[PDB]
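Those protein sequences? They're chains A and D, same order as listed. If you count the first sequence from 1, you need to add 1 to reach the authors' numbering. If you count the second sequence from 1, you need to add 1 to reach the authors' numbering.
There are 2 protein chains.
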Amino acid sequence: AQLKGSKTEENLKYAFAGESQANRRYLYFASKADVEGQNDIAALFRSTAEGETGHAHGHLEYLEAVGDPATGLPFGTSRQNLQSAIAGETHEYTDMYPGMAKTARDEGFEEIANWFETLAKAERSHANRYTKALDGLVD
Amino acid sequence: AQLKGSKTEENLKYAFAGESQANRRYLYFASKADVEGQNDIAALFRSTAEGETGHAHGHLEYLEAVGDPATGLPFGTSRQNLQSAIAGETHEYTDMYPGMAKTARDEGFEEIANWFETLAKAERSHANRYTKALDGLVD
Ligand SMILES: [Fe+3]
Ligand SMILES: [Fe+3]
Ligand SMILES: [Fe+3]
Ligand SMILES: [Fe+3]
Numbered sequence: 002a003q004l005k006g007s008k009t010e011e012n013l014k015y016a017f018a019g020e021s022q023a024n025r026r027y028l029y030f031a032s033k034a035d036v037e038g039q040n041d042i043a044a045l046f047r048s049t050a051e052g053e054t055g056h057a058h059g060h061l062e063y064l065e066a067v068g069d070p071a072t073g074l075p076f077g078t079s080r081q082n083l084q085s086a087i088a089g090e091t092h093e094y095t096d097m098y099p100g101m102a103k104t105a106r107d108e109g110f111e112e113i114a115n116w117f118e119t120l121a122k123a124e125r126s127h128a129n130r131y132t133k134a135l136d137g138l139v140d
Numbered sequence: 002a003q004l005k006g007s008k009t010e011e012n013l014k015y016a017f018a019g020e021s022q023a024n025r026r027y028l029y030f031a032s033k034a035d036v037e038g039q040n041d042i043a044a045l046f047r048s049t050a051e052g053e054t055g056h057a058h059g060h061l062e063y064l065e066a067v068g069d070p071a072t073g074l075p076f077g078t079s080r081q082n083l084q085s086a087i088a089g090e091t092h093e094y095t096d097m098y099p100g101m102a103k104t105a106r107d108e109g110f111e112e113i114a115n116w117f118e119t120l121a122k123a124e125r126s127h128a129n130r131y132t133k134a135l136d137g138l139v140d
């Protein structure tokens, strides 16, 4: 059985997305506990978040055989990782965030539209900086 | 204009998932660069990952108006955050990971199936620990 094209590949991608979101959510929850003074709860959310990091890393290790869950491109070496990062960032600043900004404007969410435009600009900066790093990579 | 039910709500949920995965991916790429000896590349992946943390944070702040992207439940206070964490974890250990392990075993991925069962047990641990924290919460 080959993993590529299987239902298990799809489950690995979905589980990777869920573990990734769980780490971000739990760190957000930790910050809210911090401000409240619930320092024991904050520490618990932070420790659980590290568990989700280990889970996500494991899912990615299996995905190395089929490709980056964000781009479909190969990953592993620093050259491949930079190539995939550039591809994904380029999609985000040429397509994803500008399109979301337009929709938010159209629906009347002007501040959220401005947020999406800020992020389009930020991802363009990330893409350009990775491209410079790839140009200088000695491997 | 109300965010709930809009295309912009869906876009924020999708962007939150993507930024969360970008941080996890970039930290994975940094760990590969670490081992290779590409320390400048590793530092760049880690710095960019902190950018993605800021983006995911901001997406979550807008989603507070409509609910946790993983559960639909309200979030903000420690009591709300713990209830949402418990709900998400309970689904992972009762439904998601056991179902993924079965599909993996059927398709002949025995190691991946065992991985999914390890994570079902881990998420049950997380769920029970959050339940005990919520029972002791003094707010
Ligand atoms: Fe997990
Ligand atoms: Fe970026
Ligand atoms: Fe970002
Ligand atoms: Fe968990």
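All residues carry an ideal CB built from backbone N, CA and C; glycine is no exception.
Could you tell me the distance, in whole angstroms, from the CA atom of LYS103/A to the CA atom of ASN115/D? Numbered from its first residue, the first sequence carries residue 103/A at position 102. Numbered from its first residue, the second sequence carries residue 115/D at position 114. Rounded to whole angstroms, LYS103/A to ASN115/D spans 45 Å at the Cα level.
Is any beta-carbon of chain D found at less than 8 Å from that of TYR94/A? In the first sequence, residue 94/A corresponds to position 93, counting from 1. It does not: the Cβ of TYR94/A has no partner Cβ on chain D nearer than 8 Å.
I need the boundaries of the alpha helix (DSSP H) containing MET101/D, first residue and last residue. Within the second sequence, the letter at position 100 stands for residue 101/D. It spans 98-107 - the alpha helix (DSSP H) in which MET101/D sits, taken as one unbroken run.
Near ligand 3: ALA123/A beta-carbon under 7 Å from a heavy atom: Position 122 of the first sequence, counted from the start, is the residue given in the question as residue 123/A. For ligand 3, at least one heavy atom lies less than 7 Å from the Cβ of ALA123/A.
Hey, how far is the Cα of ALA71/A from the Cα of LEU13/A? The sequence position of residue 71/A within the first sequence is 70, counting from 1. The sequence position of residue 13/A within the first sequence is 12, counting from 1. Spanning the two alpha carbons is a distance of roughly 12 Å.
In chain order, what residues place their C-beta within less than 5 Å of a heavy atom belonging to ligand 3? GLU20/D, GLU53/D and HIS56/D
Within the 8 Å Cβ cut-off, does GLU108/D reach chain A? As a first step, residue 108/D is located in the second sequence; it is residue number 107 there, counting from the start. The C-beta of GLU108/D comes closer than 8 Å to at least one C-beta of chain A.
Suppose the cutoff is 6 Å on Cβ atoms and the five residues either side in sequence are ignored; what does the same chain contact list for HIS60/A look like? One-based indexing of the first sequence puts residue 60/A at position 59. If we look at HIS60/A and ignore the five residues flanking it on each side, its Cβ neighbours are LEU13, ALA16 and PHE17.
Is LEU120/D near ligand 1 - that is, is its Cβ less than 7 Å away from at least one heavy atom of it? Taking the first residue of the second sequence as position 1, residue 120/D is located at position 119. Result yes, Cβ under 7 Å from ligand 1.
Quick check: the region 83-99 of chain A against the region 114-130 of chain A, are there 3 or more CB pairs under 8 Å? yes
Selection of the region 32-45 of chain A by Cβ proximity to chain D, strictly under 9 Å: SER32, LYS33, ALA34, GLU37, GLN39, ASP41, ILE42, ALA43 and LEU45
Residues within the region 45-75 of chain D neighbouring chain A, beta-carbon criterion of under 8 Å: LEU45, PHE46, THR49, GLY52, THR54, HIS56, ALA57, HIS58, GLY59, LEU61, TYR63, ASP69, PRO70 and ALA71
Can you pull the chain D neighbours of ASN82/A, defined as C-beta to C-beta under 7 Å? What you label residue 82/A is simply residue 81 of the first sequence in a count that begins at 1. Neighbours of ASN82/A on chain D, chain order: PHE30 and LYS33.
How many angstroms separate the CA atom of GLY6/D from the CA atom of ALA34/D? Your numbering for residue 6/D matches position 5 in the second sequence. Your numbering for residue 34/D matches position 33 in the second sequence. In a straight line, the C-alpha of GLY6/D is about 42 Å away from that of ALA34/D.
Closer than 7 Å at the beta carbon, the chain D residues around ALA2/A: Your numbering for residue 2/A matches position 1 in the first sequence. Chain order gives the chain D residues near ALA2/A as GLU108, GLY109 and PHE110, where near means a beta carbon separation below 7 Å.
Taking 8 Å as the CB-CB limit, is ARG125/A close to chain D? Position 124 of the first sequence, counted from the start, is the residue given in the question as residue 125/A. No, because no Cβ of chain D sits closer than 8 Å to the Cβ of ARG125/A.
Could you tell me which chain D residues have their CB closer than 8 Å to the CB of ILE87/A, listed as they occur along the chain? Along the first sequence, read from residue 1 onward, the residue named residue 87/A stands at position 86. Simply none; closest approach about 11 Å.
Just confirm the distance between the C-beta atoms of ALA23/A and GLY89/D, as a whole number of angstroms; I'd bet it's less than 8 Å. The residue given as residue 23/A occupies position 22 in the first sequence. The residue given as residue 89/D occupies position 88 in the second sequence. Between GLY89/D and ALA23/A the Cβ distance is about 7 Å, and since that is below 8 Å, they are a contact.
Can you list the residues of chain A that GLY77/D reaches, using a CB-CB cut of under 7 Å? Locating residue 77/D in the second sequence gives position 76, where the first residue counts as 1. The answer, in chain order, is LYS33.
Determine the direct distance from the alpha carbon of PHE30/D to that of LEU135/D, and round the result to whole angstroms. Your numbering for residue 135/D matches position 134 in the second sequence. Your numbering for residue 30/D matches position 29 in the second sequence. Using only the alpha carbons, I get a separation of about 36 Å.
Report yes or no: is there a C-beta of chain D within less than 8 Å of the C-beta of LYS5/A? Mapped onto the first sequence, residue 5/A falls at position 4. No, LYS5/A lies away from the interface with chain D (no Cβ there is under 8 Å from its Cβ).
Bounding residues of the alpha helix (DSSP H) (the contiguous stretch that carries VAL36/A): By 1-based counting over the first sequence, the position of residue 36/A is 35. Residues 8-37.
Measure the CB-CB distance between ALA128/D and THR91/D and report whether it falls below 8 Å. For this step, residue 128/D is matched to residue 127 along the second sequence. For this step, residue 91/D is matched to residue 90 along the second sequence. It is a contact, given that the beta carbons lie within the stated cut-off.
Residue from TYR27/A, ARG25/A, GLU37/A and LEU4/A whose Cα sits closest to the Cα of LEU138/D: Against the second sequence, residue 138/D aligns to sequence position 137. The shortest Cα separation from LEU138/D among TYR27/A, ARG25/A, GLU37/A and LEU4/A belongs to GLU37/A.
Among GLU11/D, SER32/D and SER21/D, which residue has its Cα nearest to the Cα of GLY52/D? On the second sequence, position 51 is the one that residue 52/D refers to. The candidate whose alpha carbon is nearest that of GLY52/D is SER21/D.
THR9/A versus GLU118/A, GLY55/A and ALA66/A, residue with shortest Cα-Cα distance: Taking the first sequence and counting its residues from 1, the one referred to as residue 9/A is at position 8. Considering only alpha carbons, the answer is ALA66/A.
Spatial neighbours of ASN82/A within its chain, please: C-beta separation below 7 Å, excluding the five flanking residues on both sides. By 1-based counting over the first sequence, the position of residue 82/A is 81. Sequence-distant partners of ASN82/A (beyond 5 residues in either direction) whose C-beta falls short of 7 Å from its own C-beta, in its chain, are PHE76.
For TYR94/D, which residues from the same chain have a beta carbon less than 7 Å from its beta carbon, with the 5 sequence-adjacent residues on both sides left out? Residue mapping note: residue 94/D aligns to position 93 of the second sequence, counting from 1. These residues qualify, in order along the chain: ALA121, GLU124, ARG125 and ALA128.
What are the boundary residues of the alpha helix (DSSP H) that includes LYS133/A? Here residue 133/A refers to the residue found at position 132 of the first sequence. Residues 111-137.
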